[PDB]
Each structure stands twice: as C-alpha cells, then as structure tokens.
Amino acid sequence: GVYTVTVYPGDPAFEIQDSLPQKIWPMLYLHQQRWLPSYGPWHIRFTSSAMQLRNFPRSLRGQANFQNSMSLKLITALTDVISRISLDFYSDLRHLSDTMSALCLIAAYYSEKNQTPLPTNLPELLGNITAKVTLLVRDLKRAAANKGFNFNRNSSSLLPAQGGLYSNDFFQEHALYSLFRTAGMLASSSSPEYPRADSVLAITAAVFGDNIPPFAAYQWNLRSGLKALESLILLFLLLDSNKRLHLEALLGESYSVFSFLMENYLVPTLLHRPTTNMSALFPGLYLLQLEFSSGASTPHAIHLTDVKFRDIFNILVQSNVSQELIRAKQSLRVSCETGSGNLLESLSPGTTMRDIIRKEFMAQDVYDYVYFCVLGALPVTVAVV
C-alpha cells in the first residue's frame, strides 16, 4: 500500500511505497541528453574511488559515474546500504526495531517527568514526539556535563553475551543511560533505590506483547534504542538563505521544522510501516555519523573513513558464492554508533554537523539539512556536454 509524506512546510507531498529517496532517484534520469544528477563532494569521491576498486560490481559502473554523476543503479545501491545500517539482519522475537525501542524509552521518560499515563498502542506511542525530544534535550544537558555518549565495548559484536547482558561497565559512562537511571528507569535486582514501575516494560507489553523482555535484562534493545534516540537528538540539534536543493528544477515546475518533519514524515511512515529502522527514516544522519566516526573532520581522517566505507560497501554489494559480510554490516553499524556519540560529545553538536554537511554534502540551510537527512544526498542538475 502506498502512503503520503511531506518533508518541509509548504513543500509538495510524495506518495511512496517504502523509501522517499528510492522514489526520487529514478525521476532524475528522464532527461539524460540535457542533464544528469550530481550528488555532491563526498558522493563524487565515493564514486571515483569505487570506479578504481578491483572487486567493484560491474552492474554499478554506468556511464553517469564519469559525468560528475552516479548511475541510477549505484545511487540505488548506496541508498539501500545506508538505509539498512540499523536494520536487524536476524529474526528474534525479543527484538524491537531501533526506532520503537527509542520511542518506548522517550515515552517512559516523558511520563515519569510529567506523572502522566503511559501509551497503550502505536498511535499514542507516536504522539507528542517534539515535546518528548524537547524535554529530553534540555534534561540531557545536565547528564552530559560529566558523561559521554559512547559505550565501553568488548569485541566488535553487536549482541550481548548468553543471558542478555553486556559487560557491567558497558552503559556506565553513557549520559542518556545515566539520565534514565536518575529518573528511576531500568532498575535491577542490584539497584540501590526502591524500584519504581518499569514504564518501558509496561509500554512494550501493551503495544508489542510479552516477547519483549525488560531492557535492563535483555540489553540489546537498550543499546539499540539509545543509539536510535541519539540520532533523533542529533536531528533535533541540526534543525535548531540560498539553498542547494531545487525540486522544481529536478522534478518539474509542479513540485518548527523539526515538529513538521515529525508529524508529516516520521509519524505517517511508522503508521504505515511500523518496523522502519532509524537509518531508513534518516539515512543522511547515518552518513554524518560515519563522517565523524574517527572523532575528527581533517582530510586525513575523512580519507581513512572513506577507504573503510568503500571496502565495506564493496563487500555488501558482492554477488559471489557470509561471516565477512556479517562483519562488514556490524562494522558499519558500530562506526555510525561511534560517530553519533562523537558528535554529541563535541562542544556544539549542531555546529560540527553543519560544518560537515556543508563541506561533504554542500547543504546550505535548514531546508537542505532536512532533505539531506531524509534522502542521503542533495542532487543538482548538471548539463550533459
């Protein structure tokens, strides 16, 4: 079933089957003798280095790659890889999508701070997202004064040990985990305070059922939800005169900012596609996270990141007759988690993100930032000569 989304106020509405950028990209190849789409600096270097890789799939080597453009197959493949970064590759009854885990965590916190009832279904869980994020961003400043946003990891595997728990110190130095603990959330058998009701479990039991265990007992949903929540906070901070993206020129003359995006893009997407993962909602945010995964934006650090991503992309798009593939998916996901924590640890997350998005993706204002987050690229028309 097709559904409708609007990304920016006053802008046209789009009817999509699953992904907005996947709906847009084919429309940019209907005037190939007049113009081709150009996707920006990071995309041109990525395409250029992919055309030099020995193992690079031949199906993604179209002529457009050499005309300051990308072939439709290559931009589609890249959009797919980025959208699948935070997607669970396995089936597990205990697992929620990262998006739903973040939504349960943020609704529990909002309920505890305002002494208001918990949501009991999907539409209530999707309500007042802007106020929930606003409360979380203002309260988080207190917790982030002495704590960072990166996990204390042991191995590059994403899942916890048999039993459901990570190492005792895994979440210890995380500001968002600490903020939830100060509010009485995620209590355990060894917690020092008199335990309050587990509001996250009451939400999961009501909306999803009995298969979702407590986040403190089966900690994969907590690791997953915390990083999806960091992505929503980074989106809030990024959106808080001339533009690169011109829809009239690309598609035809017929074609707060955060709150509008929530109500007209995020909420309609999750009502029609409830399992949508965070990197599929906001692929551009995951590219920004990948760019800051080393904790630096120097061309040396950017180059090393770009080499690492191109090798990962290469493995993910291979068609050759599986542990190497799993390792690559996990490595890309962990690099984005690291990048996300790094951005939030910077003095001004919004400024750091704005500097990166302007240099690597040529976004010029809030209009371009929102579209970059949803599409993963900001295409421009380039004349064919």
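Don't overthink the numbering: it's just position in the shown sequence, from 1.
The stretch of deposited sequence separating residue 170 from residue 171 contains no residues lacking coordinates in this entry. The segment from residue 240 to residue 241 is interrupted, since 4 to 9 residues of the deposited sequence in that interval carry no coordinates.
The stretch 161-169 shows the higher mean C-alpha B-factor when 161-169 is compared against 259-267 in the entry. For the pair 149-157 and 78-86, the record assigns the higher mean C-alpha temperature factor to 149-157. Out of 316, 70, 344, 353, it is 316 whose C-alpha atom has the highest B-factor in the PDB entry. Of the candidates 371, 25, 14, 361, the one whose C-alpha carries the top B factor in the deposited record is 14. Sort the modelled residues of the chain by CA B factor and residue 53 lands in the highest third.
Looking at the C-alpha B-factors along this chain, the one for residue 233 belongs to the lowest third. Sorting the modelled residues of the chain by their CA temperature factor places residue 94 in the lowest third. For residue 66, the recorded CA B-factor ranks within the highest third of the chain. Only modelled residues enter the ranking. For residue 285, the recorded CA B-factor ranks within the lowest third of the chain. Only modelled residues enter the ranking.
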